[PDB]
Amino acid sequence: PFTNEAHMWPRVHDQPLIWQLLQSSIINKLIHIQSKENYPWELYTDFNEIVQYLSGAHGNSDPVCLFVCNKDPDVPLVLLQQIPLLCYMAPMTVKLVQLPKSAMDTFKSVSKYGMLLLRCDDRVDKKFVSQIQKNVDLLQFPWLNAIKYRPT
Amino acid sequence: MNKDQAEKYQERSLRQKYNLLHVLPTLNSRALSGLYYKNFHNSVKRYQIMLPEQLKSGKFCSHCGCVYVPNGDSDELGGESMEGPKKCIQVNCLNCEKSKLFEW
Amino acid sequence: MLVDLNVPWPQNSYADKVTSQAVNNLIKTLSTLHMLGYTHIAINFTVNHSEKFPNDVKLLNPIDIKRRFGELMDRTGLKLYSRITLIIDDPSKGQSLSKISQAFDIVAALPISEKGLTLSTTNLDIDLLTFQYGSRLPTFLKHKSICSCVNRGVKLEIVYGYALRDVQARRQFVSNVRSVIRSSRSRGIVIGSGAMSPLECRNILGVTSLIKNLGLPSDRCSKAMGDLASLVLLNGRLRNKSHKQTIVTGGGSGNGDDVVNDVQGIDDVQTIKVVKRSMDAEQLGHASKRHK
RNA sequence: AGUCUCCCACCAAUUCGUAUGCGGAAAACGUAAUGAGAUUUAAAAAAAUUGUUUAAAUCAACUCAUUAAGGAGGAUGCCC
RNA sequence: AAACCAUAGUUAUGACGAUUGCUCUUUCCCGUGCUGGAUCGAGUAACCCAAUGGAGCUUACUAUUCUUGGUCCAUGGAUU
RNA sequence: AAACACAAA
Ligand SMILES: [Mg+2]
Ligand SMILES: [Mg+2]
Ligand SMILES: [Mg+2]
Ligand SMILES: [Zn+2]
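Residues numbered from 1 in each chain as written, not as in the entry; some residues may be left out. Chains lettered and ligands numbered in written order. Part of a larger assembly, values for the part shown. Heavy atoms only, no water.

In the nomenclature of the PDB entry, chain C corresponds to Ribonuclease P/MRP protein subunit RPP1 from the organism Saccharomyces cerevisiae. On record in UniProt, under Catalytic activity, the comment for chain C is "Endonucleolytic cleavage of RNA, removing 5'-extranucleotides from tRNA precursor." The annotation that UniProt attaches to chain C under Sequence similarities is "Belongs to the eukaryotic/archaeal RNase P protein component 3 family." (UniProt positions renumbered as here; feature names shortened; annotations may be inferred.)

The PDB entry annotates chain A as Ribonucleases P/MRP protein subunit POP3 originating from Saccharomyces cerevisiae. Word for word, the UniProt comment on chain A under Subcellular location is "Nucleus". The UniProt entry for chain A carries this comment under Sequence similarities: "Belongs to the POP3 family."

In structure tokens form, the structure reads like this:
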């Protein structure tokens with residue numbers, strides 16, 4: 001397939017309340033100040049920055065993770081149509097993650113746009129993503145299979 | 001020709017065209033990309049079937065016909081870059097010297 | 001190369017059973033045609049139109065080239081083809097060519113009336129047009145019709161082997177041949193010998209002398225027996241074997257593996273050709289450089 | 001050869017009073033310069049003629065859309 | 001009751017004989033060559049045919065079933 | 001036969 005398996009990645013139900021907890025950590029990090037924001041934690045919230053970080057400029061850290069809000073009406077579907085392809089072709093192990101909450105547009109209301117590119121080297125990032133790689137890992141290349149484009 | 005056997009032939013031909021659209025050279029060479037794009041579209045126009053818009057919009061280019069792909073099988077990236085808006089968000093390619101603009 | 005396309009089979013209706021004497025005489029006449037010299041022989045089978053076609057496929061061909069002609073070819077060295085002539089006079093509803101055309105190789109017609117002639121010239125998919133040289137001609141043959149037919153395909157056939165039957169038939173045979181040659185503009189003429197026994201056969205020189213005495217030049221006779229006979233064999237062979245002239249089931253490598261020439265190799269119960277792998281992707285494209 | 005077109009009385013004008021790229025009495029007539037086009041098209045595919053019956057890498061071929069005649073001044077390019 | 005009129009004119013355009021020329025092949029000479037010359041041979045094509053006259057267009061022809069000129073980002077071989 | 005027709009096929 002090309003997109004038939006692409007929008008709906010996750011099939012689990014244990015995370016959402018702890019998703020709320022990490023969102024609370026996000027607002028905790030957003031409270032302090034512009035510099036206190038970005039000094040200890042590797043966060044990007046600018047589409048141009050998302051592209052330039054995955055372009056291949058710096059290759060230091062392997063585990064990179066994106067968090068985007070999707071599959072809810074009236075969103076830039078045409079524009080996030082190309083971000084999973086970028087997350088796959090990127091040489092870094094980039095785990096695209098999708099907010100399964102249509103009501104979680106407060107993310108869109110808080111930082112910039114409803115997406116967040118993070119680089120997992122903090123040990124709490126280790127703690128919470130080493131348990132989510134157990135949970136969700138779904139990323140393929142359409143050029144490989146191309147068996148179910150969209151028949152019947 | 002059986003129509004039940006013709007449906008399978010149609011699916012197989014569409015899959016074959018879509019696979020020929022891909023592998024190495026249609027990504028590399030703009031000529032083969034455009035030719036195979038035209039062939040696939042002339043083949044899908046004859047079957048009286050519409051194609052999905054979610055792919056129709058952001059699939060190929062308008063000047064050459066290569067798939068918009070940024071950086072199992074390592075290949076060449078399709079597009080020069082993809083900026084932010086900067087006034088309006090655009091996408092540029094490698095093969096040709098043009099860009100495609102979209103507004104929010 | 002010489003081709004004889006109207007060797008008659010001693011059977012007219014399906015209710016008839018062929019005795020061993022007729023098969024022995026046919027084997028003898030095939031040997032006779034081969035000894036003096038010949039290249040292609042296509043035996044003929046004649047049935048009428050108002051008869052009831054049997055609703056079979058594996059019983060439509062009482063020729064069995066693999067059974068007895070398979071006994072004869074390995075010692076003879078030539079090939080045989082099965083052809084059928086349709087005696088159609090009145091356009092009745094009996095019409096089942098979709099089976100006999102694919103079962104046989106060459107399909108001809110024998111019109112007696114004008115309406116049958118018109119329908120066989122326009123709609124009926126046939127290969128050769130044979131007239132009853134024994135009886136009288138149906139009408140005054142037109143020129144434009146025959147020219148458009150030979151430009152569209154089907155050509156006329158002249159059988160000099162019937163003039164050896166009796167005395168009273170020679171005048172009618174000559175009168176019909178003259179009209180056919182005058183109306184056909186000497187373009188689509190194919191010559192054949194309808195002999196039932198080896199004693200009524202002749203040499204190519206006797207044939208060309210007879211036809212040059214009839215009115216057709218000898219060089220045209222040689223050309224129509226060399227190229228036109230091969231072409232009318234090819235058309236009737238690949239119209240049934242292959243599709244409508246788009247995809248061929250036979251691949252000619254050298255000079256003997258031809259769809260009309262290669263007859264024992266190509267399967268007939270199906271249309272496949274099981275050959276060992278002889279085309280790879282690592283071999284050099286240029287045949288002058290490619291060496292094994 | 002062909003089930004194509006037209007001339008084979010005129011009309012200072014209800015009579016194609018048509019100075020319209022050129023030649024021509026007319027013609028489903030010849031040809032010249034440029035741009036574009038392919039059942040997604042102005043129109044060819046799932047009146048006559050022709051077995052195949054324009055094209056669809058480039059060339060070649062078909063179709064359509066513009067360019068009114070003569071004299072004078074300035075600029076550019078060539079022999080000079 | 002005629003207007004009856006064709007450098008073919010109304011189902012006609014015959015019959016053979018002789019001469020030159022044209023295309024290839026088996027030969028000899030001067031200067032290489034020369035729509036240079038002479039013997040041994042094969043072929044003179046096809047579409048097809050007027051019925052009142054002229055022009056335009058399209059469609060059939062030329063493979064040992066005569067020929068001619070040019071072109072080709074067609075391929076095949078060789079030199080730079 | 002040819003030649004003719006807002007025929008007929
Ligand atoms: Mg005439
Ligand atoms: Mg006529
Ligand atoms: Mg006429
Ligand atoms: Zn391009």
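Picking up after the structure, the text goes on.
## Considerations on the state of the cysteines
Using the criterion set out here, one finds zero disulfides over all chains in the structure. Lacking any disulfide linkage, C88(B) is separated from the closest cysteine sulfur, that of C93(B), by 17 Å. Free of any disulfide, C221(C) has its nearest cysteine sulfur in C201(C), 19 Å distant. (Disulfide = S-S within 2.5 Å.)

## Here's the deal with the arrangement of the chains
If you take every C-alpha in chain A and every C-alpha in chain C, the smallest gap between them is 24 Å, and the two do not touch. Without any contact between them, chain B and chain C keep their closest C-alpha atoms 13 Å apart. (Contact = heavy atoms within 4.5 Å.)

## A few points about the interface of chain B and chain A
For an interface, size is often stated in terms of accessible area lost upon the parts coming together. On the side of chain A, 26 residues touch chain B, which itself brings 24 residues to the contact. Taking both partners together, chain B and chain A bury about 2400 Å²; carbon and sulfur atoms supply 66% of that area. Counting the contacts that link chain B with chain A gives seven residue pairs in polar contact. Those elements giving two or more residues to the side of chain B that touches chain A turn out to be helix 1 (3–20) and helix 4 (53–57) of chain B. Element by element, the count of residues in the side of chain B that touches chain A is highest for helix 1 of chain B, at four residues. For the side of chain B that touches chain A, the per-class residue count stands at 11 nonpolar, seven polar and six charged. (Buried area = accessible area lost by both parts, 1.4 Å probe. Polar contact = N/O pair within 3.5 Å; in protein donor to acceptor, adjacent residues only side chain to side chain. Helix = DSSP H or I, 4+ residues; strand = E, 2+ residues; numbered from the N terminus. Nonpolar A, V, L, I, M, F, W, Y, C, P; charged D, E, K, R; others polar.)

## Things to note about the pairing of strand 4 (residues 106–109) of chain C
All names here are of chain C. Covered by surrounding structure in strand 4 are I106 and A108 together with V107 and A109, the residues of both alternating faces. Relative to strand 4, strand 3 (residues 79–87) is paired through four bridges, and the arrangement is parallel. Note that in strand 4 the partner of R83 across the bridge is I106. Crossover handedness for the path strand 3 to helix 3 (residues 97–103) to strand 4: right-handed. With two bridges connecting them, strand 4 and strand 5 (residues 128–130) associate as parallel partners. Directly across from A108, in strand 5, lies its bridge partner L128. (Buried < 20%, exposed > 50% of the residue type's maximum accessible area, 1.4 Å probe, protein only. Pairing = 2+ DSSP bridges. Right-handed = clockwise from strand over helix to strand, strands pointing away.)

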